[PDB]
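J.: Protein chains in written order, with the working numbering: chain A, 45 to 74; chain B, 12 to 426; chain C, 74 to 438; chain D, 29 to 63; chain E, 1249 to 1414; chain F, 10 to 234; chain G, 968 to 1058; chain H, 216 to 353.
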Amino acid sequence: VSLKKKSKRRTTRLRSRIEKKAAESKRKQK
Amino acid sequence: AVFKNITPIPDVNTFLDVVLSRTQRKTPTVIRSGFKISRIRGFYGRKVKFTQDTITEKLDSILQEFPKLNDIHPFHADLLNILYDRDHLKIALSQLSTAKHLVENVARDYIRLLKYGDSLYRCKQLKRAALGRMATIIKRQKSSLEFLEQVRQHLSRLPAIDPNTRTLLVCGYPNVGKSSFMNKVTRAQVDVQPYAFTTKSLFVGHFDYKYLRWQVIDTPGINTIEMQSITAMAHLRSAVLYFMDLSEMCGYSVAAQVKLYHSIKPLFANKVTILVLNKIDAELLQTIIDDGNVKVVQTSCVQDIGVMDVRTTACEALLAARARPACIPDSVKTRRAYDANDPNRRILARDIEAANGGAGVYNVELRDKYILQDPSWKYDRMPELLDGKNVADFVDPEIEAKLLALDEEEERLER
Amino acid sequence: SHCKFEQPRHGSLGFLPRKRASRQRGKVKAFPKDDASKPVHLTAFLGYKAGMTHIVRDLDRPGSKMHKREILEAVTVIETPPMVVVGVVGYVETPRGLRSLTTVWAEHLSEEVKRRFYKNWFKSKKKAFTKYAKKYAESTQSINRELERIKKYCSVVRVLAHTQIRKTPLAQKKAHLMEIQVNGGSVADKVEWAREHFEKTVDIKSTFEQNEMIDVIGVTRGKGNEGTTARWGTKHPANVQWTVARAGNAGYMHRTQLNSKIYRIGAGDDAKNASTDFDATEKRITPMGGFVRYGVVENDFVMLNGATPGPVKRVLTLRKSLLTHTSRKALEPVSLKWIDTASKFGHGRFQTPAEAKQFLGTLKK
Amino acid sequence: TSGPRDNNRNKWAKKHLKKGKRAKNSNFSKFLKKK
Amino acid sequence: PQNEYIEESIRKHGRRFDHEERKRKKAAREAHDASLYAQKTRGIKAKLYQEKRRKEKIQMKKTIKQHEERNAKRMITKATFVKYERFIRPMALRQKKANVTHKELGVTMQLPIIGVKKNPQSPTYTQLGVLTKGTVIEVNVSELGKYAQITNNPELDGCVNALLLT
Amino acid sequence: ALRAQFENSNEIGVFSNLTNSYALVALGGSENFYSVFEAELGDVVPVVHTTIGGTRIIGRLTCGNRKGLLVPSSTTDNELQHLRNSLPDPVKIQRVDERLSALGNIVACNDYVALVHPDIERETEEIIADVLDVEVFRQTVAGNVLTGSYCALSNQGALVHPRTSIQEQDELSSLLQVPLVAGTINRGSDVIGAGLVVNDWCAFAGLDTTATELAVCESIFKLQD
Amino acid sequence: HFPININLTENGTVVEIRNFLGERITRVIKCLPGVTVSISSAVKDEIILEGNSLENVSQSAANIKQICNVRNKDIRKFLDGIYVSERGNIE
Amino acid sequence: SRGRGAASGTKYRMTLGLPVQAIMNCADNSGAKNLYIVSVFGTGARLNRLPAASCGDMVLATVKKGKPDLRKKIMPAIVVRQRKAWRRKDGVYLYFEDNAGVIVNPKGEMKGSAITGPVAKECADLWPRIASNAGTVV
RNA sequence: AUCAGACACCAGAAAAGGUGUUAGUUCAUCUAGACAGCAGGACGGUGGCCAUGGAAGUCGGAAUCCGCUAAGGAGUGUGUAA
RNA sequence: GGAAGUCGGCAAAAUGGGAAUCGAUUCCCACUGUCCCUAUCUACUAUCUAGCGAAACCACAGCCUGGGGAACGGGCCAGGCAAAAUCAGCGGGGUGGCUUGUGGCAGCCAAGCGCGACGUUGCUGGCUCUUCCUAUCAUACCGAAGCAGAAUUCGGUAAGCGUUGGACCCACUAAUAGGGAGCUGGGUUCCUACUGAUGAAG
RNA sequence: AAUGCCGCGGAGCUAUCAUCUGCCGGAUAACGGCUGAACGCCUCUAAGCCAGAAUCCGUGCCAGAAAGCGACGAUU
RNA sequence: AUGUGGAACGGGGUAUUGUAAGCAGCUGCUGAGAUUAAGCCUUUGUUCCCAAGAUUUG
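(1) Just grab the DSSP bridge partners of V57 (chain F) for me.
(2) Chain B partners of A1340 (chain E), CB-CB under 8 Å?
(3) Is the beta carbon of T1328 (chain E) less than 8 Å from the beta carbon of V1378 (chain E)?
(4) Am I right that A12 (chain B) and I83 (chain B) are in contact with their C-beta atoms under 8 Å? What's the rounded C-beta distance?
(5) Please state the DSSP three-state secondary structure of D256 (chain B).
(6) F969 (chain G): which of G:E977, G:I984, G:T980 sits nearest, CA to CA?
(7) Between the region 210 to 240 of chain B and chain F, which residues of the former have CB atoms less than 9 Å from a CB of the latter, in chain order?
(8) With which residues is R1259 (chain E) paired in a DSSP beta bridge?
(9) State whether the region 105 to 123 of chain C contacts the region 246 to 253 of chain C, with contact taken as three or more CB pairs (one from each stretch) at a distance under 8 Å.
(10) Closer than 8 Å, CB to CB, is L262 (chain H) near chain C or not?
(11) Assuming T18 (chain B) and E76 (chain B) make a contact with CB atoms under 8 Å, what is their CB distance in whole Å?
(12) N175 (chain B): which of B:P85, B:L91, B:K126, B:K79 sits nearest, CA to CA?
(13) Take every Cβ of the region 313 to 321 of chain C, pair it with every Cβ of the region 188 to 200 of chain C, and state whether three or more of those distances are shorter than 8 Å.
(14) I'd like to know if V372 (chain B) contacts chain C, where contact means its C-beta is closer than 8 Å to some C-beta of that chain.
(15) Go through its chain and collect everything with a Cβ distance to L159 (chain B)'s Cβ below 6 Å, but skip five positions before and after it.
(16) Can you pull the chain D residues whose beta carbon is under 7 Å from the beta carbon of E282 (chain C), in chain order?
(17) Can you tell me whether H249 (chain C) is buried or exposed, with buried defined as 16 or more other CB within 10 angstroms of its CB?
(18) Taking the alpha-carbon of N55 (chain D) as reference, which of C:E299, C:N284, C:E152 has the nearest alpha-carbon?
(19) Taking the beta strand (DSSP E) that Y336 (chain C) falls in, what are its first and last residues?
(20) CB-CB under 6 Å to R172 (chain F), same chain, minus the five flanking residues each way: which ones, in chain order?
(21) Among the candidates G:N978, G:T976, G:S1007, G:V1037, whose CA atom is the shortest distance from the CA of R1264 (chain E)?
(22) Could you give the first and the last residue of the continuous alpha helix (DSSP H) run that contains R1318 (chain E)?
(23) Does the Cβ of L70 (chain B) have 16 or more other Cβ atoms within 10 Å, making it buried, or fewer, making it exposed?
(24) Name the residues in the region 368 to 401 of chain C whose C-beta lies less than 8 Å from a C-beta of chain B; which are they?
(25) Going along the chain, which residues of the region 119 to 143 of chain C sit with their C-beta nearer than 7 Å to a C-beta in chain B?
(26) Any beta carbon from chain H within less than 8 Å of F195 (chain C)'s own beta carbon?
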């Protein structure tokens, strides 16, 4: 059983949005 | 003036934490950017308003619970003067009220700007700008809140005085037997110690005599304690109970006590003082005796002799200044009063009860005490109805005779 | 969005489904816990709701607002003729539950209990239990073997008893047969008690004793299909859930009234059963003109407080309370003062015709 | 006020069952049991 | 009860029998209690606990440091200051006093805004008197007329905090 | 003069009635009230744990003296039989068919003279004189009709309202042939009868009665000896 | 003010306690195995729990102290209770 | 504390026949004539249920017609008579022919001195002061 | 891990907290006896001076010196009206 | 009991009426199932039966949870599940892992890497409805506080159970806590679900 | 006489407009402790243990798998 | 499916209403008359009817 309050599995928009904005973070720190 | 009913004042940090925690817990928490701008504005407006309401609610509670020094009996007002510096207390209370108005002004200002919030963020910071200003306002009265809490704690300790009632103020030299007289007269447990000025503050104790209750107020011996003692007798319809050490066993000279009493006579005027000769068992006094109002009653403090007589004399002085043959049964003339400890005392139904299960379980037998030719039938059931008639309508001690008379009559009719 | 004005739920979720009971006879879904410290005793009885009346009793309730006053209470009268024990069932405890290992029947079975096995007694050739009677007469050693099996392996002993419905003034001829668990004693003791009680009648005088607290269980009156108004007390896109009140069956559900007090266990052969120490006035529990829609009570009867589920002439099961509960209401004695037996078929005004005749004039008839 | 699920209420209810308040039920059962 | 009645009770009857040993045990196990609190609690209470433990930790590090060396609708959406007025400037968003902080003096004075010269974001807002970030506003300096630049955003912060041009 | 509370109520006259030959206490509450009465009158007069019409206001429902007792119409037969069995033979009991059921409120009666509600029925007055064997007089107390509730009677003393005038004080004393004092009971409550029950040799008042009031009742009732 | 009443049954394996701050209740404990409770006459109102298992004796002590607990009263003034005074061995 | 204030005994459940907005007769000699019911003490949280009172219940009352100084106080009132029939616990059904009540303080002693008309014994038992100052108790 | 992890630059919360564990880096004393533990000493000028009802190191204002040493701080806290 | 209902005497009963202000409004009296609070009675329909006998609509159909980048859907993914044939009801179904409790300017430090953290100092919409969440108003149990007692404040576990009646106001109440997922007023000029009822069958 | 109008009106239905009924076993959370290390002291915790909330799980109560089952009776 | 069998009426009890028509002389017959199970109780009362037709079942 999950035994959690928040699901450990992520949606495809959410997982795609990390690589969208993680790269921009490296752009900003550059 | 029971000053115990004042709610306890939190320090500035707990006050802010309680207010902010209440705002978080009692108001809605979740909002999304996609919501209508009216709902966003209303959302943050509620938090600012709710936080304003919690702060004033607490601050008003302080401002109302504290006693208004001007509206109270000048005995207590001057007592609060010597202890708390009315000006400092008044400044502290005014600072909170000025804070309260400031908390209201900031909230009204930020609610007004929130009506024009265009994005979820610009409302978010007005709320953050709001609550921070509300908090920074409160943080500035750290001294005032701390001061009021200390005042609160000592206020709850003060005795509940009532100058309206009959009183008898007891003042004199420190540890000069006044504490012993107060302890012997009133039920108050006044501590007696070799240390001088053991009674730091006043001690009020009630005493019942002459079908009335008198509130004897013992004052500090004679500083702040001396000032409080003076103000205690300053405004009080009572009589002085000065106790002078006759044998000087209290450590104070008799002449010094007489001189102090003469100096304090200006405030002790319009009262019937007492020239108590304390420590009797253990010249200058002529001038004091020349006043006449002082009652020269010997007080054998070591032997505890004369305390009751002195108290009775003081109470009397204060009061002055302010055919049907009842056939009682013979058993009544020799009835032993029901006192529990004695063995000869009979039992009561209360004791039968605690033995037989106590309140709610014991069934009292109502029938158990019937005057009756037998104790056995004492639980019988008397027939009430029979064949449409009550048995009661027919209960007659000679009813057998009416039945026999009748027999003869029916025997006549059949014949 | 939240509900603005809230109220408690209009129904009870613990009593649904509101479907018709699959039985007419009250089922015992729980028998009182057994104990070997106490030897044998029964735990249930089967009666018929004749009718209900009201009584006056002196209330000896310590601490009450009406301590030692005369109180009026409604009472239900259930006729309880003695029931004949005709069988014993052994139950073995298994990791899957209580399982009926075997059953032993008495040799002579009355037509009362034989009618239970048929939907039409007249067309049948009455062949039931005939070969069982033959083998009982031939060899009793076989029957001794099943009883040995019951007392050796089984952990719960129950007796099959049927009510003598013939004695009651009921138009039904089938007897109601049920199992009463023999609580108390060892399994051998229960088996013996069943053996010496075969074919003999056990009466309510031996089951209950006029003061204890019992659970009365039965099927309620049928009100037919009803809308949400009287079935349930009713004043986002989704699908309708089970919690939403709906229209359907109202009535004829299996119910259990707890904590019923017997005010009196009267004997049918006695003619003083409706008379008390404060009343005299020889009378019977049957009201003047007979019970409405039931008849005349001529056998042993039980008078319970309050009301019991189901209409008149329906079968009720009376079981001993599962759990001891020593509320002083459950522990106090009862001393009846007066019982009402006026005509319930209308506004009755007289208790018995005898005492009505003195008040009324000489009727021409 | 505490409900019936209260562990305290269960405890002194058990205390009542532990004493003579249930002994009136034992001899009550024994009477019919013997007769 | 009069004045310090509880220590009169303490003096006359003593304190509770187990108080000293119970408080010793509680103080001893407080070390484990703090760590248990830090590892169990979640949410705001954890977060305030985290921030207050950081504050106290930095504080105790500083005093042990101090111990050391001593031993050694056409409407305007921005706040404005007071045909051509085609848009609506709410009197609510309008402001009249600003907190101008002197650079050299380092003193913040709340003074009225005499006027606004130009808004760097939009010169059109200068006519309407809209105060934005970096806007130039002139205020009276008699109590200290001088110009200043807005150091914050009046729309968001609400209070017009500006830095004097001196 | 003693202080007692029925349950936690200051009105003991309502829940009890006391005479010179018997005592009546309410039933079904706490017998601590019965316990207190027995502690002072158990060895002198019988104490009856009685109710009147299934009710506990027996003090204000029944009026009596050392000779006889009266009960209202609402008195049940069982309770009347209970009272007769409890009380001794030389005491007589009477039902009253009075419209004014509150006998304890309409009749204030001592062993020799009784003063009654002005609008009492003639038949009630005649049977009162027959049973109580006292002279009956129709008059109001301080302009107030409830004589039994607003006035307490004993053989040697009595109390009335503090609202009565001095001339009313003198007239009432002259018509009663007993010393009478204007006073109050239970700390300012002008229901003297409801707050006080007195026989010829002892007095009971509520626990909230002041010390001054107790001294007044003791002074008028001469109970120090 | 209220003396505490102590009763010992089944040679000290069950302790009944009465009148703790004027209680009408009967607080009953059953001692853990290996523990016997006695009342010593050397000092008044002295309870002694003797046994072999330290855990059983000391857990019995904790049970007594916690069951005789003051509720809703100010403990800075209300000092009534039962407390462990000395811990040691029989010899 | 007003709710069961100085009751000196519990009341049995009685049929409610005087809800709020009721207009009902004053029974004391204090001078008031008519009373208007504003609220009843001891009513919980029942949705849409109109607050109601029975004999011996204490209500909030306004003197519609009466002496002016008797007015301008929402004064506690004790309902002493009720027209709706109710079951006395002994079994008999009772109903007085008019709805009557008395003006009383929150503590439980009225401003009046004598009650005109019959008094329910339930009222007289929860309120010993009314019983003390009642003329006929039925 | 009494709401573990399988996540995917662990990038939003993110700054950090933990008497949880395993590894390291830099400084410390240690058979001239290490840390801890129990036994004891922890002083005398001196109750240093203003400050006070009462303050003796410990309500409170600058230090805070000395005879002895192996060490006893005008004193780390509790506590005492003192 | 007598408009307490509703935005409101809509509709009935009093037979509709008495006085005021500008037909309308208000007031007092009067009446009444609008309401507390629904219950009962009658006729018709609905139900079944004999006869007759349509139409709209129709890719195919028919359970829910999480995901399927979106539009989440019924078809796809992973699960819960899943047993013929039916009857009568009622109508449900035709866009940040956001966000929350702590404001803006300047200076002083300074763990450390010109910044520099915490600190520190300077100033001005309402009527009824099923369920869920806890972020708890009350009830249960605890800790702390000048908490003597009573009453009370704050905080913890806790959503089991309650959280009203009237025109922000005034009462009751232990309390009148906050939110998520059939209807009307003033304001701008088939099938499936749910609920009951049968029902072939080892 | 389309229930002409009125009074009473059994039976049935019904009314917090009437009456009755609504119960006990474990496991825990906050929290209070026992023994006891880690760390030669200490420690409610690490291994274990005790007490402990209207909480959770059962008992009780309702339904009875129409594809879960047992015993008994007869068997053309 | 021949039985303490059932049904239709009848009597009695119990209830509802209120004292009938008629005979008469408001009064008496006359607390009478009418109704009473259609979801009231009872029946040595009379009469009547049933030991039958079909269907499915190893």
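The beta-carbon is built from N, C-alpha and C at its ideal position, and this holds for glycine as well.
T.: Looking at the coordinates:
(1) F:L33
(2) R123, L124, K126, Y127
(3) yes
(4) 7 Å
(5) strand
(6) G:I984
(7) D219, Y222, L223, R224
(8) Beta-bridge pairing links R1259 (chain E) to no other residue.
(9) yes
(10) yes
(11) 6 Å
(12) B:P85
(13) no
(14) yes
(15) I20, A103
(16) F56, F59, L60
(17) buried
(18) C:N284
(19) 327 to 339
(20) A151
(21) G:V1037
(22) 1292 to 1319
(23) buried
(24) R401
(25) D133, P135, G136, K141
(26) no
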